[PDB]
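Working notes for the structure below.
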Amino acid sequence: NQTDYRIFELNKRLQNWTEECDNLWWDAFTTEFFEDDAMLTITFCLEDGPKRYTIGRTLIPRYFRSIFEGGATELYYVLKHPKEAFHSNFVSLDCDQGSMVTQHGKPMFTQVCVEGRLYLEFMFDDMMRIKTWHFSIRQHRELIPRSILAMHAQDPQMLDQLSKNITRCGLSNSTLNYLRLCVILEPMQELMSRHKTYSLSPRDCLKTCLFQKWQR
Amino acid sequence: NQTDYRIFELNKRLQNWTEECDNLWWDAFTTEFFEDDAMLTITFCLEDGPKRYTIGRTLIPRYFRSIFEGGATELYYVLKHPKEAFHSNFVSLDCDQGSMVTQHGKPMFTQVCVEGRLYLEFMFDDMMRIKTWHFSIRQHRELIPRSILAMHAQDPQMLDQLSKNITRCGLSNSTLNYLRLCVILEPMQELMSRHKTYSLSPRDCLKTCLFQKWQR
Amino acid sequence: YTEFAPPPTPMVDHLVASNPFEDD
Amino acid sequence: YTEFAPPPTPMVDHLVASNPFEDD
Amino acid sequence: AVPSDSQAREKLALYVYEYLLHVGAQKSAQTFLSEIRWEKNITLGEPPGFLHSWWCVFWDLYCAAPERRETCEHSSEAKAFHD
Amino acid sequence: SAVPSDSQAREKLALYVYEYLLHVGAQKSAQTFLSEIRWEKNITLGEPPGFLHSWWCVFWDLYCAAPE
Amino acid sequence: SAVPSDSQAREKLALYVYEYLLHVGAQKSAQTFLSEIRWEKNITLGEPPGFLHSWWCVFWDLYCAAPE
Amino acid sequence: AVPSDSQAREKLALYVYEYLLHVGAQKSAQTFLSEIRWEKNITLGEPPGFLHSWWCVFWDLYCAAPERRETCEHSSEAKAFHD
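Protein chains in written order, with the deposited numbering: chain V, 65 to 280; chain V', 65 to 280; chain D, 58 to 81; chain D', 58 to 81; chain A, 11 to 93; chain B, 10 to 77; chain B', 10 to 77; chain A', 11 to 93. A prime marks a further copy of an entry chain.
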């Protein structure tokens, strides 16, 4: 009744998306549903072993936007039989059978359904905002309109392009490239703080941030 | 906040469906979301002109069940930007961009997405149950897993069976056959009432129900 | 042999037990 | 010509402006 | 209240037995009772029985449907029950 | 009777009772029925269960619900 | 400097600035840049806008948000 | 607060101009100002400028990433910043 509805509200605001939604819109979307210190984590197994990516609050708007940059024109989450748990200060939601659904546009409109465990922690207050978001992807499917199979039906070169997936584990290149970049850039933010306070060159900022590290 | 959540609750109870759900389960599902005198209407254009089908409350459980008899293993409704309107006694919900989504099972798992206008009237009380349900179908799409395209990839006879739709306007044969049967059987219920009260043969029951008709 | 005994089907053509609403 | 002028690319092979994270 | 599937299944079973009797198929009637292992007692109604009578006025209304009136012989009281 | 859909109605009922008997597992009853009624054995079935069962489920739902 | 990723870092920056100039609509600046730096004109682009713009959007989001 | 896309776009524009100057590409630098019709005033920082300095320590940390350490020359302070 509380956490379940929040995801429905989240799905509902994503239906307002248009191509002109930008930095300010995605930041407003993220402030409505996430804490100022929210953490978001995505997990999957593309090649080699398991990959895990974790980003903080200021990187969370562009994560969601990257899904739309990737071709998605619609995004929603279906949570089948999620487990609630109330604590003194937060509420957990744990859904082993979570589905992330995206609809791509012209041409050859394709639908991507990503399955995984969605684990959430909400703040127990009025704006029941998300403190942690953890999505562990197990597998994904990609669906083709029957009309667009019949379109490229007797065209051997177009019809084997239709057997190639369009995402890798449900992540399109936009999203994957973004999360990987965020590994390097996001702890540079400490360097950037230094730069803003002491007038010091970035490489000296870095030099000085090795200082705290070996010290403790 | 009120009507919107009711459809989410309706989607949520449909996730409890299994193959062993029966008369009692579907009747319990219908009593939770519909009035005892609820009316449900489905509209579409298959061939010739427009078809319209309307059923009363005791026929509504098997309508929803017929969707699952037809192959669906999952059913949910997505309402994009629905219009609310509060009155003294009821609440309307009017959604031009409604989507009815069903997932079929083995073999060749297919997803059916039916688009139309969903118009609902809810009772304004505690159990905000549905008084009228009106779904006017404009078009439908059918989606194929890319894996199952690649499965029958170089098999010309299986791959043109994959270009044939599996529903007609999103209605599978089970549902269509059910609604058509209900045109004939549902006003026979008046005959059946007669039969239950006066000991009279069914054809005499019918004879006697022509009596009211020409009389007024 | 009791009054409401069924008709013969003089129609020898292969009868189909199909739904009387299904379209052809 | 000012100290931080760019290197030559003695690599004549066709350079690609690809994302430095994209997999090959 | 509302019938269960098994209640409905068994009620249909009974009425098909009755149907088989009133239709001159006594052999089928008792074979059927055995193939389905019916044990409870049966008392039946006047011919042609519940199923036959209701099926036949259902089939009439079917044929008297506006969309089947022509090309399907039907009764007139069924026609007018629609109208 | 004298209603003109009756012979077809009764043709169809017999047809669907036979389909019902086969889909319900009454193999011999079905075979016996055919010969008890003078019907050549060349009927092709729908999918299980046939129309009689489907028709009955709707009919009995309405019959039980029909009030006094 | 004397850090050993520097020449490649500066190779890449130049590569991405040139891609940025082309995708931003600075056709002549891009052509001029190449000849001002002694680079043979045979660079193939990514998709618009290139990496420099994408990298910058994340960098500046973090830079603005970085506190004192 | 949070920067808009255009604020970010223009800040990148300015710093690319600065980059072009400090890199010995004064011709490109002013061509660029004209092709994008820049009009506001510019004052710039010491060489190599904001973009060059930040890009280069970003590229270092990239190369000093655990998964790129070998097969990518990098500095040691970047390596240890990770650890």
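C-beta: ideal position from N, C-alpha, C; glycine also.
In the structure shown, what three-state DSSP assignment does residue i receive?
i	result
residue 141 of chain V'	strand
residue 228 of chain V	coil
residue 68 of chain D'	coil
residue 217 of chain V	coil
residue 181 of chain V	strand
residue 81 of chain A	coil
residue 197 of chain V'	strand
residue 57 of chain B	coil
residue 263 of chain V'	coil
residue 70 of chain V'	helix
residue 151 of chain V	coil
residue 222 of chain V	helix
Can you find a C-beta in chain V' that's less than 8 Å from the C-beta of residue i?
i	result
residue 13 of chain B	no
residue 74 of chain B	yes
residue 80 of chain A	no
residue 67 of chain A	yes
residue 71 of chain B	yes
residue 87 of chain A	yes
residue 90 of chain A	yes
Taking the straight line between their C-alpha atoms, what separation do you get for residue i and residue j?
i	j	result
residue 133 of chain V'	residue 142 of chain V'	21 Å
residue 240 of chain V	residue 74 of chain V'	35 Å
residue 77 of chain D'	residue 63 of chain A'	18 Å
residue 217 of chain V	residue 81 of chain D	27 Å
residue 94 of chain V	residue 207 of chain V	29 Å
residue 232 of chain V'	residue 27 of chain A	37 Å
residue 69 of chain D	residue 49 of chain B	8 Å
residue 69 of chain A	residue 78 of chain A	11 Å
residue 25 of chain A	residue 60 of chain A	7 Å
residue 58 of chain D	residue 33 of chain A	7 Å
residue 194 of chain V'	residue 65 of chain V'	16 Å
residue 65 of chain D	residue 16 of chain B	9 Å
residue 251 of chain V'	residue 21 of chain A	22 Å
residue 169 of chain V	residue 88 of chain V'	42 Å
residue 237 of chain V	residue 228 of chain V	14 Å
residue 121 of chain V	residue 248 of chain V	16 Å
residue 23 of chain B'	residue 63 of chain D'	7 Å
residue 215 of chain V	residue 97 of chain V	41 Å
residue 37 of chain B	residue 44 of chain A	10 Å
Which residue wins for smallest C-alpha separation from residue i, given the options the options?
i	options	result
residue 12 of chain A'	V/100, V/73 and V/84	V/100
residue 164 of chain V	V/171, V/270, V/170 and V/183	V/183
residue 161 of chain V'	V'/119, V'/265, V'/146 and V'/246	V'/146
residue 46 of chain B'	A'/61, A'/35, A'/17 and A'/81	A'/35
residue 181 of chain V	V/215, V/159, V/175 and V/135	V/159
residue 234 of chain V	V/167, V/81 and V/78	V/167
residue 109 of chain V	V/250, V/204, V/266 and V/280	V/204
residue 267 of chain V	A'/66, A'/41 and A'/42	A'/66
residue 116 of chain V'	V'/202, V'/190 and V'/84	V'/202
Report all residues from its chain with a CB closer than 6 Å to the CB of residue i; omit the five preceding and five following residues, and keep chain order.
i	result
residue 155 of chain V'	67, 186 and 188
residue 104 of chain V	119, 124 and 197
Does the beta carbon of residue i sit closer than 8 Å to a beta carbon anywhere in chain A?
i	result
residue 62 of chain D	yes
residue 45 of chain B	yes
residue 66 of chain D	no
Quick one: does residue i have its CB under 8 Å from some CB of chain D?
i	result
residue 55 of chain A	no
residue 77 of chain B	no
residue 26 of chain A	no
Apart from the five residues just before and just after residue i, which ones in its own chain have a Cβ nearer than 7 Å to its Cβ?
i	result
residue 31 of chain B'	39 and 54
residue 172 of chain V'	212
residue 136 of chain V'	166, 167 and 168
Kindly say whether residue i, judged by its beta-carbon, lies nearer than 8 Å to any beta-carbon of chain A'.
i	result
residue 146 of chain V	no
residue 202 of chain V	no
residue 60 of chain B'	no
What residues in its chain sit with their C-beta under 8 Å from that of residue i, if we drop five residues either side in the sequence?
i	result
residue 90 of chain V'	125, 126, 128 and 129
residue 83 of chain A'	73
residue 131 of chain V	139, 166, 236, 238 and 239
Say whether chain D' places a C-beta atom closer than 8 Å to the C-beta of residue i.
i	result
residue 229 of chain V	no
residue 16 of chain B'	yes
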